[PDB]
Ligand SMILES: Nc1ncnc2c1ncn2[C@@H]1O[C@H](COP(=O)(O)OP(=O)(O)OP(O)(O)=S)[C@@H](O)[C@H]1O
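Take a look at this one chain, the form solved without this ligand, written out in structure tokens.
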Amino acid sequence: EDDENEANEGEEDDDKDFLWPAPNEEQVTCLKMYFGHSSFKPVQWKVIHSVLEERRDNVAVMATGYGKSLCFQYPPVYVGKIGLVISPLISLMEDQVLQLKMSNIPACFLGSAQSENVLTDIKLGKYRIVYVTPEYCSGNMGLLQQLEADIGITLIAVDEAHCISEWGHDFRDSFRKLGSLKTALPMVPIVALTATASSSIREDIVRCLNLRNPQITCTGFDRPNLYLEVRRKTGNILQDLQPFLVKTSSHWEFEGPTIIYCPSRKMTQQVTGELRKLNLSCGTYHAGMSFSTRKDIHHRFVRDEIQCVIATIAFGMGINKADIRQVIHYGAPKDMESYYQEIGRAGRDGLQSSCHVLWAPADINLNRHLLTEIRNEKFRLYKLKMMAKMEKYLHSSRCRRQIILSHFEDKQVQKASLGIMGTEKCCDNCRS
């Protein structure tokens, strides 16, 4: 019988079309053969590609185990070398080793009692994936150095990585000496995994594991407190933003802390100018500004001395602010990936927030003419596909939450979202 009906008339859209660079044919064959999947989710590819091609440290926040294991199991299987998984979760490690064996991936649990059986075979390069406790790993840095020299370690995964922080709710003394991994193995990337989206605990993990410029990702969350809306521009900045404003004592303000993302530096200045006329507490943020001025706006926003930052998408990576009540995209966003990163900064305190896109078909990020100028065929086609996916989202009458979760998240996240989805607080299209 037919197992899916994903194909639609008027589209040749695979999940691979929205990955940069594209997975090659052997990478797809490997994924199918050893993991029984046809495609990578964007976050899975971000982690896998950063490990394989850049040897980059990662902190991967993953709310659940749905789609998690692929990020650290796939790279060593693809290159045919060795990946180490450090975890205190014995039963889960046993379950994953058996699943790998049943997929014809040579994997084992290494510990003191298991060493007589597996250690010689690990040293000779017969295992793709080795699971160890932090206690065992801490007394065997010599072994890891030999495996790096003789085989080459694709990555070290540290699961329950929040256990390294004495400031968290689940501290393990066993994790303390994992700080030595980067000293013993400076060229081996670490993928630190945790379920906690706490910026405080992320900083502790990066410090304690000595991670260098780690790629930070955060997935598996439904974010029921984010309301999504897409609305047409009206041809006038004050006309467009007036609906978001309330008059208080001869000055106007937003409901709460607000970020307005604009495509151009020019537009950030234009929008700031119109809000300044209303004596609204706001500041401009773009790369054309000085280091001190940018640093000042950051601190002032964090201290609630300004209510609104009008910014390019240069603003956001350095802000851990939990009470962002409103994100406005003033102009179509660059693509769905950037849009996802930007709306994800809203309502991290878990209270009701709104994310509005104000767009016109004439917006710079819907202009195909700028993309036709791209002479690299592969990059041109990717940029056109990303613009088309963004345009399809903006134009849609379907649930905005369903579109975003379908693209970025494991299907399990959609099952958790069925409560918020279709209600008055989900999105503009669910309210109608």
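Counting begins at 1, following the sequence as shown.
- Modelled in this chain, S249 is nonetheless unresolved in at least one third of the other entries of the protein that span it on both sides.
- Once the C-alpha B-factors are averaged per stretch, 45-53 and 62-70 rank with 62-70 first.
- Look at the C-alpha B-factors of 72-80 and of 173-181. On average they run higher in 173-181.
- Which of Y285, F109, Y136, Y339 has the largest Cα B-factor in the deposited entry comes down to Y285.
- Across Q242, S165, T217, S281, the entry's maximum B-factor at the CA atom is seen for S281.
- The deposited CA B-factor of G344 belongs to the lowest third of values across its chain.
- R300 sits in the highest third of its chain by CA B factor, as recorded in the PDB entry.
- Per-chain ranking of the deposited C-alpha B factor places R401 in the lowest third.
- Remark: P361 belongs to the highest third of its chain, ranked by C-alpha B-factor as recorded.
- Remark: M187 belongs to the highest third of its chain, ranked by C-alpha B-factor as recorded.
We do not show the form solved in complex with this ligand, though everything after this point is about it.
- Counting ligand atoms within 2.4 Å of backbone or C-beta atoms, the overlay of this ligand from its pose in the entry with it bound onto the shown chain yields 3 or more, and the pocket is blocked.
- Within 4.5 Å of this ligand in the entry with it bound, a heavy atom is found for all three of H37, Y66 and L70.
- Contact between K182 and this ligand in the entry with it bound is not found at the 4.5 Å heavy atom cutoff.
- This ligand in the entry with it bound is not approached by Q27, whose heavy atoms all lie more than 4.5 angstroms from it.
- This ligand in the entry with it bound comes within 4.5 Å of a heavy atom belonging to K41.
- In the entry with it bound, this ligand stays beyond 4.5 Å of every heavy atom belonging to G152.
- Residues with any non-hydrogen atom within 4.5 angstroms of this ligand in the entry with it bound fall in just one of 274-282, 115-123, 314-322, 141-149: 314-322.
- Put simply, of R345, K233, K81, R265 only one has a heavy atom within 4.5 Å of this ligand in the entry with it bound, and it is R345.
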